[PDB]
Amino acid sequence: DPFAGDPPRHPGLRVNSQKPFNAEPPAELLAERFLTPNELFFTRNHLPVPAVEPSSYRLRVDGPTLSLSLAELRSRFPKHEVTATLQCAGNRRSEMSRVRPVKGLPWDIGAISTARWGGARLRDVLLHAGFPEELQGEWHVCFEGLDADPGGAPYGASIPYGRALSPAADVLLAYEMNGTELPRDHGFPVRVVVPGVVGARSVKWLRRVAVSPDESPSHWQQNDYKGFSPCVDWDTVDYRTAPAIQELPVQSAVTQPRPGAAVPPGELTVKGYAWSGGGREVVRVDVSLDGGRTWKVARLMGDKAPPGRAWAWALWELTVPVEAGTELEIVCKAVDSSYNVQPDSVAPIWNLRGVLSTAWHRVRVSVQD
């Protein structure tokens, strides 16, 4: 059992896979706090979790070569904090499966969580390694984790050089999560946090940072996490025909009430989350009780972030009167700062991996007598 050393996890989590460990918090706990407690933050591991002795750990940065200890990472670079939501490419995959079977972890609406991350700015570490603030043409910063497949290939990913060097992009080499040291499942001792970008690129248990003229050659950068036409099937898919998912599109889901519930008549408070990639804020959330025919505007909770740096989700709520003995089909949809919107239905956005599941979330409940 290569997973014999994996860490202990909270019992309240909805485990989608044990070995490797993948789990999401239940819907009723998911949006209870703006910052998702470390114990409930969703967990996505492709491989066994590395057991890292903090003292001997070294971060390799291949400059135009650094070997940074955890103590150096902490002391040499000013600590910055960024509150960012990580959403998995597979969040809401369960919706896709309802149309046609897909390949992937059966996530519901909880493959998304939010934390206040603390660490060194990737920008500062790269400038310290001797790299220039700017590089002409399309360059990339590649990441490798300490976790590896049977063949010894590590988990890896990349982001464009521009994003890595940009102060406003808030890309961190994080060693703290919600004020405490990074948990093992979340990348102890160091992970990359890439705000506004799909979770896949936020490499945990970071071993190496390199600059390259090309994207990471990792399996998960080249041959996974892309969107295709709904017509594409396993016999025709060609990962060269689409871009790696970086920024994600606008998203929202209803966390309260839950599907199949019978709610009391009178007033009903509907709640959920909304978020969009690339630091685009959520400017509105529309909520319907009649299956998307008529809408009401939800209250957006929380504090406004600077323009282009809305890395954290918006929690929303709406209290509405409901009549005894009626059926409700509760639907939410969000609008971001570029006026991007969510689509009505899943079949037209369907894909063989069930990624990029952003059609409206629909929750059916009945109202008691």
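Residue numbers here begin at 1 and follow the sequence given.
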Open item on the list: In terms of residues present in the deposited sequence but not modelled, what lies between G325 and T326: none, 1 to 3, 4 to 9, or 10 or more?
Closed with: none
TODO: Pick between 67 to 75 and 253 to 261: the one whose mean CA B-factor in the entry is higher.
DONE: 67 to 75
TODO: Higher average CA B factor in the deposited record is what I'm after, so tell me if that's 50 to 58 or 312 to 320.
DONE: 50 to 58
Task: Which of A129, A274, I245, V283 ranks first by CA B-factor in the deposited coordinates - done: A129
Open item on the list: Just the C-alpha B-factor column, please: which of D290, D233, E95, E138 has the biggest number?
Closed with: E138
Task: Third assignment of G302 from its chain's C-alpha B-factors - done: highest
Open item on the list: Is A148 in the lowest, middle or highest third of its chain when residues are ranked by C-alpha B-factor?
Closed with: highest
Open item on the list: Using the temperature factors of the C-alpha atoms in this entry, rank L352 within its chain: lowest, middle or highest third.
Closed with: lowest
- [ ] Looking at the entry's B-factor column for C-alpha atoms only, identify whether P160 ranks in the lowest, middle or highest third of its chain.
- [x] middle
Task: For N178, the third of its chain into which the C-alpha B factor falls - done: middle
